[PDB]
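What follows is one chain in structure tokens, specifically the form deposited in one PDB entry.
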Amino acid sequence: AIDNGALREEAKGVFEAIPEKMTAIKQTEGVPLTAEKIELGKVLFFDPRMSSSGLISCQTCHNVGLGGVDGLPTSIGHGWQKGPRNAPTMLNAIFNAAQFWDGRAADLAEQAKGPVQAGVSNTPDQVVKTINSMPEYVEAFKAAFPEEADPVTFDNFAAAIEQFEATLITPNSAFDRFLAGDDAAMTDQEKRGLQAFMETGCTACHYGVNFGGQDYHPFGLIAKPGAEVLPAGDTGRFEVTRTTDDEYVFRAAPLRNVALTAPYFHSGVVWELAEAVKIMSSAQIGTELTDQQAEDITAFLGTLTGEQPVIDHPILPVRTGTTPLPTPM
């Protein structure tokens, strides 16, 4: 066992490296990324005054220094949520065709907007009024949206953030460098894991540029008896189960930077990556791993960690006399 050329050839049939840099989005030549929109989006992403309490920004739950996530079990950040979910990483989110953790199959079907806009309530008006009250924001929106008479809209808020989101990509992980042609980029163990990941059927669901993130499956995590009275490391506390009549579905989690984004699953109840791998060894989904395979895939998944964005923290617009006051709650 262990031919690099064979392994690379096989991995190239199913995965793709993350690009070094994005130049446009929404190619279906798409929409040019521009410095002005990117910078406004960054400002918006870090501004806690876009929340009612004035403490919560996108950066709070999708923290760029912590793998694009908050490292906590669950939160509620978007109107489309039925309940609390683990925050997915913003890193590489631009590549995910499937935009939600879970839903009724037939409802996710005819659903266009992502989490930022889905459904979106009072918020848009409240966001715009907050933006309008600060002249530095108004000036920024006019520069980012030069062809727009009326540029401070919730759609434009969402558009500027999406442009910033497109810069939050993590090229040059060990796996990507292996893929490009560097044999020494991965260990023997990590290569054994790549091989096992591909042969045991994980790729049915975790494939393409993001190793997941593209489609939904009638399978999701549940607690076994006493899960909440058992050691947070303890094996066999949770397992995956097929939903009844396949009617409810979960997105196959995009596994890029997975080593950075514990805890795991839609409920954020698993803290060890090895345990998440063992849980995805299941007769029900059609994957079974030996102890060895589980160990090697775990080591493999560490190679999906890319170069983290280096981001200057923005200086936020000063509030003015009629900026809406934050709510205590």
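What we label the rigid core is the largest C-alpha set whose atoms superpose within 1.5 Å from one form to the other. We number the residues from 1 along the sequence you see.
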- [ ] Count, per the entry, the deposited residues between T28 and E29 that are not modelled, and return the matching class: none, 1 to 3, 4 to 9, or 10 or more.
- [x] 4 to 9
TODO: Pick one of none, 1 to 3, 4 to 9 or 10 or more for the number of deposited-sequence residues not modelled between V120 and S121.
DONE: 1 to 3
Open item on the list: Tell me which stretch, 215 to 223 or 110 to 118, has the higher mean Cα B-factor listed in the entry.
Closed with: 110 to 118
- [ ] Please work out which of 286 to 294 and 261 to 269 has the higher mean CA B-factor as recorded in the PDB entry.
- [x] 286 to 294
Task: Out of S173, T167, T130, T235, residue topping the C-alpha B-factor column of the entry - done: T235
Task: Cα B factor band for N86 (lowest, middle or highest third within the chain) - done: lowest
- [ ] Rank-wise, by C-alpha B-factor, drop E190 into the lowest, middle or highest third of its chain.
- [x] middle
Open item on the list: Quick check on the deposited entry: does the C-alpha B-factor of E136 sit in the lowest, middle or highest third of its chain?
Closed with: middle
- [ ] Grab the CA temperature factor for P231 from the record and place it in the lowest, middle or highest third of its chain.
- [x] highest
- [ ] Tell me, lowest, middle or highest third: where does the Cα B factor of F154 rank within its chain?
- [x] lowest
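What comes next is about the form deposited in another entry, which does not appear here.
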Open item on the list: Which residue of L72, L108, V138, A259 is the mover here, meaning its C-alpha shifts by 2 Å or more between the shown form and the other one once both are aligned on the rigid core?
Closed with: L108
Open item on the list: Superposing on the rigid core, I want to see if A276 changes position between the shown form and the other one - specifically a Cα shift of 2 Å or more.
Closed with: no
Task: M50: Cα shift of 2 Å or greater between the shown form and the other one (core-aligned) - done: no
- [ ] Could you check whether the CA atom of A232 moves 2 Å or more between the shown form and the other one, using the rigid core for the fit?
- [x] yes
Task: Note on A106-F95 C-alpha separation in the other form, which departs from the shown form by 3 angstroms or more - done: closer
Task: Direction of Cα pair change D47-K82 in the other form, magnitude 3 angstroms or more - done: closer
